[PDB]
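Observations on the three-dimensional arrangement
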Amino acid sequence: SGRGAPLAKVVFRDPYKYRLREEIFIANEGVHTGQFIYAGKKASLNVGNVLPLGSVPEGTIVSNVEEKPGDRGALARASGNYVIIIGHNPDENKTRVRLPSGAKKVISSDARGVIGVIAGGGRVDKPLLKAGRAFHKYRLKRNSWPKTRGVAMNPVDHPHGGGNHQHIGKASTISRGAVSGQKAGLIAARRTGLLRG
Amino acid sequence: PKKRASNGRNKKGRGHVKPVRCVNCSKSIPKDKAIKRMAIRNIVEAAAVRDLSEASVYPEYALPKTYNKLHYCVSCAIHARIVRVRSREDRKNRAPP
Amino acid sequence: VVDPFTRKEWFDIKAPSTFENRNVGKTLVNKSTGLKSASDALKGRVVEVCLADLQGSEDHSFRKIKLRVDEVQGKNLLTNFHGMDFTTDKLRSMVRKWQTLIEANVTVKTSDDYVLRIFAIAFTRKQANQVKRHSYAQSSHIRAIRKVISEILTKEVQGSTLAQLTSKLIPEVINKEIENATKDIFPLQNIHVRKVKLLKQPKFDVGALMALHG
Amino acid sequence: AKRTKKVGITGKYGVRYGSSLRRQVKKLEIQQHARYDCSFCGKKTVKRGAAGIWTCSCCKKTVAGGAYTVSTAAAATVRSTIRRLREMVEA
Amino acid sequence: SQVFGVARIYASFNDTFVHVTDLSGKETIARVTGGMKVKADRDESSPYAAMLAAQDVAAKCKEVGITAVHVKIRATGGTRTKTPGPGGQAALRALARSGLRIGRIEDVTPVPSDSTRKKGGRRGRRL
Amino acid sequence: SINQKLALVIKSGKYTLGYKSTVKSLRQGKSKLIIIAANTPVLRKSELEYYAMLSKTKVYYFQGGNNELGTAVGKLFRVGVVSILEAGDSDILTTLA
Amino acid sequence: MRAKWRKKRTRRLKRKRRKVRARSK
RNA sequence: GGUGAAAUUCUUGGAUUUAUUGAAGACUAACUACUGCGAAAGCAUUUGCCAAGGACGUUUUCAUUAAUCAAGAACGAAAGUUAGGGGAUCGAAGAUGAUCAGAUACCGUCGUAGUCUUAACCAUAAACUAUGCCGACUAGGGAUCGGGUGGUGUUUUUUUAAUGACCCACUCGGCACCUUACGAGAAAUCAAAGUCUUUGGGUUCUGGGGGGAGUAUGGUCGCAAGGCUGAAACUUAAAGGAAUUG
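For every chain, the first residue of the written sequence is numbered 1, i.e. counting runs from 1 onward, and this need not coincide with the entry's numbering; residues without coordinates are not included. The naming scheme follows written order: chains are lettered A onward, ligands numbered 1 onward. Scope of values: limited to the chains shown, which are part of a larger assembly. Here the side-chain values reflect all heavy atoms present in the structure, with hydrogen atoms and water set aside.

Header annotation of the entry names cryo-EM as the structure determination method and lists the resolution as 3.08 Å.

All right, on to a nonpolar patch on the surface then. Each patch is built from salt-bridge-free residues with over 30% relative accessible area, joining like charges within 9 Å and nonpolar side chains (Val, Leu, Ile, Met, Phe, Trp, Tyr) within 5 Å. In these tables, accessible area is a Shrake-Rupley quantity obtained with a 1.4 Å probe, and a residue counts as shielded only by the protein chains included in the view. Should a side-chain nitrogen of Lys or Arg be within 4 Å of a carboxyl oxygen of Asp or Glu, the pair is scored as a salt bridge. A contiguous nonpolar patch, built from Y50(F), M53(F) and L54(F) and spanning about 310 Å² of accessible area, is present on the exposed surface. Mapped onto the elements of the fold, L54(F) is located in helix 3 (residues 42-55). Helix and strand definitions here come from DSSP, where helices need a minimum of 4 consecutive H or I residues and strands a minimum of 2 consecutive E residues; each element is numbered from the N-terminal end.

Moving on: the protein's contact with RNA strand H. For RNA strand H, the set of nearby residues contains 84 residues, the closest of which are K11(B), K31(B), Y136(C), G25(E) and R80(E). It suffices for a single heavy atom of a residue to lie within 4 Å of a molecule or strand for the residue to be listed as near it. Near the protein, within 4 Å, the atoms of RNA strand H are sugar or phosphate in 74% of cases. Here a polar contact means two N or O atoms within 3.5 Å. Within protein one must be a hydrogen donor candidate and the other an acceptor candidate, and residues neighboring in sequence count only if both atoms are side-chain atoms. Separating a phosphate oxygen of RNA strand H from a side-chain N or O atom of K66(C) is a distance of 3.3 Å. Between RNA strand H and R126(E) there is a distance of 2.6 Å, counted from a sugar or linking oxygen to a backbone nitrogen or oxygen. When residues of the surface near RNA strand H are traced back to their parent elements, those giving at least two are strand 4 (65-72) of chain B, helix 2 (88-94) and helix 3 (141-157) of chain C, strand 3 (16-22) of chain E together with helix 1 (3-24) of chain G. Here the surface near RNA strand H gets 7 residues from one element, more than from any other, and that element is helix 1 of chain G.

Let's shift gears to the state of the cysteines. By disulfide we mean two sulfur atoms from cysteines, separated by a distance within 2.5 Å. Enumeration over the complete set of coordinates arrives at 0 disulfides over all chains. Looking at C58(D), it has no disulfide partner, and the nearest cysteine sulfur is the one in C56(D), 6.2 Å off.

So, on to the pairing of strand 8 (residues 112-115) of chain A. A pair of strands counts as paired when DSSP detects no fewer than two bridges linking them. Sheet topology note: the strand 3 (residues 50-52) of chain A/strand 8 of chain A ladder contains 3 bridges and is antiparallel. For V50(A), the partnering residue across the bridge sits in strand 8 of chain A and is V114(A).

Throughout, a residue-residue contact means that at least one pair of heavy atoms, one from each residue, lies within 4.5 Å. Listed as interface residues are 27 residues of chain E and, on the opposing side, 20 residues of chain B. A quick way to say it: buried area is the sum, across both parts, of accessible area lost when two parts are put together, with a 1.4 Å probe. A buried area of about 2000 Å², summed over both sides, lies between chain E and chain B, and 50% of it is on carbon and sulfur atoms. Counting every contact that joins chain E to chain B gives 1 salt bridge. In this structure, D51(B) engages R93(E) in a salt bridge whose closest nitrogen and oxygen atoms are separated by 3.8 Å. Across the contact surface, chain E and chain B share 6 residue pairs in polar contact. For the side of chain E that touches chain B, the secondary-structure elements that each account for two or more residues are strand 5 (68-74), helix 3 (86-97) and strand 6 (101-107) of chain E. Split by residue class, the side of chain E that touches chain B holds 7 nonpolar, 8 polar and 12 charged. When residue character is reported, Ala, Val, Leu, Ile, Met, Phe, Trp, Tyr, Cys and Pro are called nonpolar, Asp, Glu, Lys and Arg charged, and the others, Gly included, polar.

What follows is about the side chain of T109(E). Residues and elements named next belong to chain E. You can see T109 is positioned in the segment after strand 6. Burial classes: relative accessible area under 20% of the type maximum marks a residue as buried, over 50% as exposed, and values in between as partly exposed (1.4 Å probe, protein chains only). Take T109: its relative accessible area is 17%, and that puts it in the buried class. Within the local environment of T109, its side chain forms a polar contact with the backbone nitrogen of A75, the two atoms lying 3.2 Å apart. If we skip the residues at most four places from it in the chain, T109 touches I73, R74, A75, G77 and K82.

It is worth spelling out the side chain of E29(A) at this point. Summarising the element assignment, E29(A) is placed in the loop between strand 2 (20-26) and strand 3. A positive count includes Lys and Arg, and a negative count includes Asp and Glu. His and the chain ends are not counted in either. Buried and unpaired, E29(A) has no salt bridge, with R79(D) as the nearest side chain of opposite charge at 6.8 Å. Within polar-contact distance, the side chain of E29(A) engages the backbone nitrogen of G66(D) at 3.0 Å.

What follows deals with the arrangement of the chains. Ranking by contact count across 5 pairs of chains in contact places chains A and D at the top. Separated throughout, chain F and chain G approach each other most closely at a C-alpha pair spaced 56 Å apart.

With that settled, the discussion passes to unusual backbone geometry. Of note, the bond from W145(A) into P146(A) is cis; its omega dihedral lies within 30 degrees of zero at 0 degrees. Along the chain, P146(A) falls in the loop between helix 1 (131-138) and strand 9 (173-174). In this structure, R72(A) is a non-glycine residue whose phi angle is positive, near 60 degrees. Here the phi dihedral of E63(E) falls at roughly 50 degrees; this positive angle occurs in a residue that is not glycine. Relative to the helices and strands, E63(E) resides in the loop between helix 2 (47-61) and strand 5.

Moving on, we come to the pattern of salt bridges. For the coordinates displayed, the defined rule picks out 15 salt bridges over all chains. A salt bridge links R112(A) to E66(A); the nearest nitrogen and oxygen atoms lie 3.5 Å apart. On the criterion of sequence distance, the pair formed by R112(A) in strand 8 and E66(A) in the loop between strand 4 (61-65) and strand 5 (83-89) is long-range, its members being 46 residues apart. On the basis of relative accessible area, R112(A) is assigned to the partly exposed category, the value being 38%. Residue classification places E66(A) among the buried residues on the basis of a relative accessible area of 4%. Note that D85(C) is salt-bridged to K195(C), the shortest N-O span being 3.0 Å. Taken together, the residues span a long stretch of sequence, with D85(C) in strand 3 (residues 76-85) and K195(C) in strand 6 (residues 195-198) at a distance of 110 residues. Using a relative accessible area of 16% as the deciding quantity, one classes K195(C) as buried.

Now for the sheet that holds strand 5 (residues 115-123) of chain C. Residues and elements named next belong to chain C. Here we have 6 strands laid out as an open sheet, ordered 1-2-3-6-5-4, and antiparallel in their pairing. Unpaired on one side and paired on the other, strand 1 (46-49) and strand 4 (101-109) mark the two borders of the sheet. Averaged over neighbouring strand pairs, the angle between their axes works out to 30 degrees when direction is ignored. Across 9 bridges, the pairing between strand 4 and strand 5 is antiparallel. By the bridge assignment for strand 5, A104 is matched with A120. Under this scheme, a helix contributes an axis fitted over its contacting stretch, all axes are lines through C-alpha atoms, and angles between N-to-C directions fall in the 0 to 180 degree range. Across the sheet, helix 3 is in contact with strand 4 and strand 5; its angle to strand 4 comes to roughly 30 degrees.

Right, here's the structure in full:
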C-alpha cells in the first residue's frame, strides 16, 4: 500500500547461520516468481540482478541505487523510474549517473542497484479521475488531502488568506532564507510561469 | 504557358527528392532544381603562387586547390550572373558550353 | 603591460622512433613556476603535423598526423601517436562525380586497452576500354566490398599493437591489401584508410614510452 | 448486441467527468482488464492483480509489469538494451 | 634550423581574423582583426583592413621566435556560407610579403557531414 | 527450415503428441525424435533431456513456444513436446537436423 | 489576391459565423 | 556580431577568436545522376534481423481465374490537434533595433508553439508529368537502369587454369531523351496530347460564360482545425487559352 512499485519477497540463504533471510526488494520490469536473483560483484547482467555500479557497463538502466555503499538503496525507487549510468571514473572509484530529475550525480563504485526499470510503470499516465480515487490514494499514505488553498483561508490561518477578494496580495514567491510560516506559496522560485516558454 | 519540357527540374518519376538551401539567400530548393557549380579554385591568386614558392622551405610545392559545391537557387543565380535568360528556341540547348 | 612572450622556455617535441627525424617543433607554454609546474600544463596537449614533414617525402603530403605529448624530458617532449586525418584538400580532391565511393568503418581495439576507430575510403574506377559515362557500382558489390574491407581492417588492428600498426602503415601496405582482396569484385581508384580516432588509453607504461624514445 | 458506440468500457462513468478524461482512461482501462499471454505457460490468462502485478491464472505465476500492461514499451527497450550490454561484454 | 607556427586565419564576412598560434595551436600570438585597423565598419571585411591587420602580426610575429608559419585558412563554415570572405585571399598576402616563411598552407573550413537547419528560413533572405 | 517437414511427419509418419504420451513413447523406446518447445517449463524439458539421454534418442529444440509448435504440428491447440514414433517419406530422422 | 488569402479570409469569416450562430443556438 | 548602411546584442568578470574533450538533439553533405524503388504520399549513414515485392529466366504449375469501378475501405507531404517523452538548430506568434512619410513587412538579434520521437487523430496541397486505367497499332535513333543470351573479345595470382568488371550483337521491362511531323491541336506543343466529322476497343470520374462560391443551408466525418456533399437569389458581356506586333 502507498506505493505503486511492487515488492518481491526475495529470499537468500544466510551463509553464516542456517536460516533463510527474507528481504523486501522493489520489483523490476521482468522479474517473476521463482526467478533467481544474483546479487553481488560477480553477478551477471540480467533484469533483477543486483550489481555494484562499477562492474555494470556504461549506458545501462539501473534502479534502486545506493547513494553511498551500504545505504540499502536510495535512488529511483518510484514506479517506472530508473537511473542511467552515463560514465565511470575508475581512478577515483566513483561512477557518474543521470538521475530521474535529470540531474547528473557522482556515485561510489561500491554502491549498487538492481537492473531494469522499476515495475508499476505508467501509473501517472491514467488520471485518478475522481475524488474517491484520490482519497483512497492518500488514505494509505498520510493525511495530506484535501489541500485547502491558502487564499480561501482567513488571514490568521495562512499568509495568503484574507481580503475582500480571493487574492494573494504579496508576491507568491517566497525567499529561501525565509522562516517557517513564510514559506507558503512558491519557495525560492528561480523562474516562475510556464516551462517551455 | 508551359515554358519547359522538364518543368524546371531534373526530376522524372519520383514525386520528391530533397530540399537544399542556397549559399546566398538560404532558400530551400530541390537539389536537382539547384544550379550546381563545382567551383574549383586555389586558396591563393593566380599571380600569387610565385611568392609562396619563394616563401616556402618546400622548393617543390603542391599548389593546393580547394573544392566547394555552390548550390544556387535560380533567383540568386540569375542575379549573380551564374545563368542567363536564353532564347526560347535556344532554351533547349542543354550543352554546358 | 606585461609582455607575454618573455615568460616561456620554448619546449620542444619528440616523435615516436618509428617515424622519420624525431624532432618536430618548439612550442611555448610558460616558465615552470613554483605553484603550477610546466610539466602538468604541457601534458594533455595535441599537435597537428604533416606526414610529409614526418617522412620527408612529398608522397605523404596528405594524411596529416595528430600527436599527443606524454612525458616532458626537460624542454624535449616525447609523444604518442594520437590520430591521422586526410587534409581537407585531398578528400575534396579525390571525390568527383560519376564515380561511386565506399565508406567503410570498423570499431576495433588494439591488442592492449588502447582502442581506436579505423576508417577506409574507396572509389570506383574508370575501367580500361570501358565506355559507360559514369561506371557506378551495383550497391551489392558495395555491401560485399565493405565486408571484405572491414574484414581486412578488423584482422589488422586486432593483430598488432599501435606501434606495430604505424610502423607497418607508413609504407602503405594496408591500402594495397584492400585492393588485392577486391580485384576479384570491382576495381577501385582511391583506396586509403583515411582516418583514425583514438578513444581510450591504458596505463601509460613509461617502459613502453621510453622504448620509442631512447 | 452493440450497446455503445465509443464510450465502451468507460460508459460506467456516466455522463460525468468530461469526454477527454474518459478518453484517456478508456485507452488504459482496456489495457488494464485485457487478458494477456503468459510468457511461461503460453495461455492468454494473465490478469492484473494489483498496480504492476500480473498473476497468470494458471501455473500460478506472477510477473512484475506495468500498472496497466504486462510489459511497458519503455521496459521492453530496457530488456533489449540489457541484452546487448550482456552480449558485448561476454562476446 | 627554423621554427614553425600556425597562422590560423578566420576569413568570414563582416570581420576577418589573422591569429598566429604555436604548432599546437593553443597559445595565441597577436590575435588581430579588422575592427582594430579600420573604424569605418566597412573595410573590416574588405581586403584592405585584412592586409593592414595581417601586416600587424608580422610586425611582432618576429623577435619572439616564429620563423615559419603553417597557414590555416578557414571560412565561417558550419551551416553558413562556407566560402572565405574577401580578406581570406588578401590577409593571406599580407603574411606572405611581410617576412614570414609560409608553408603547408591548407584549408580547415569546417564542412558539416550534415548540418542543422540553415539560418534564414525556407524562402530565405529577401532584399 | 524445420516447419516444412513436420507436415510430412503429420501425414506420412506416426507421431505422439504431448508430454505424458511422449514419456510413455520414450519409455517404450519406440520414439526416436522429440521436439521440445521453448515455452515449456525448463524443469519439464530438463527431465525430458534426461529421458532422451536414457533412450539414446535425438532431441530437437524448437525455435519458439508451444504456440508455434502447435501450429507447426498442424493442430490449432498448443503442444509442449511432440514425439516422432516413425517418420515416413520425411527425412527429419535421417538428417542431422 | 491569391486563392489562398481569399479562402483564408472566408475561413476566418466561417469561423466567426459558427460561434455567433451557435451562440444563440 | 550584424548590415546595402547601421543599431539592438555579448566584452578587460575576457566577448570573438585557439586547442582539448563531454553531453544534448537534429540530419545523413560531398558521392547525387534529364539514375533506382515505392500504388501514391515518400525513401539517400553502416550493420543485423523480419517479412513484402517488381523485373528477368523458366519445354514448371492453376487455367478465364480479367479490366475499369458507384457503395465501402487502407495509406496519405507539410501544417494542425490530444497525451508522453524529447527539446541542438531554425522558427510562426511575440519582443526588439533599423527603413520609409507610415513599416507591427522585407534586414539584423532574441525568442514561444512548432520542427524530433511514442500512440493516436485530420485527410489536405501547383498531392502536377496540371496529361484517369487497361488493350492493340503506327518512326527512327541513341544512350541509361535491372534481368537474361552468345563471343576461343578485353580484363582480373596462375598470362587459352581456380573467373567479377568491361566491350561487342542483341532482347524484355522501366524512368526518360533527340530529330521528324507523317497525324493531331487554337496554338504552345505532343511519338503520344497520334490511329477523333474517314466521328463507335472497354471503362470510371469530372465541366457547361465569369462572379456570387467552393459561399449559405442541410447532412456526415473530426477533439477541434476543418474535410466531403453543395446551391440559389442577385450581378455582369464577357473573364479565359495560345501565340504576333508595339
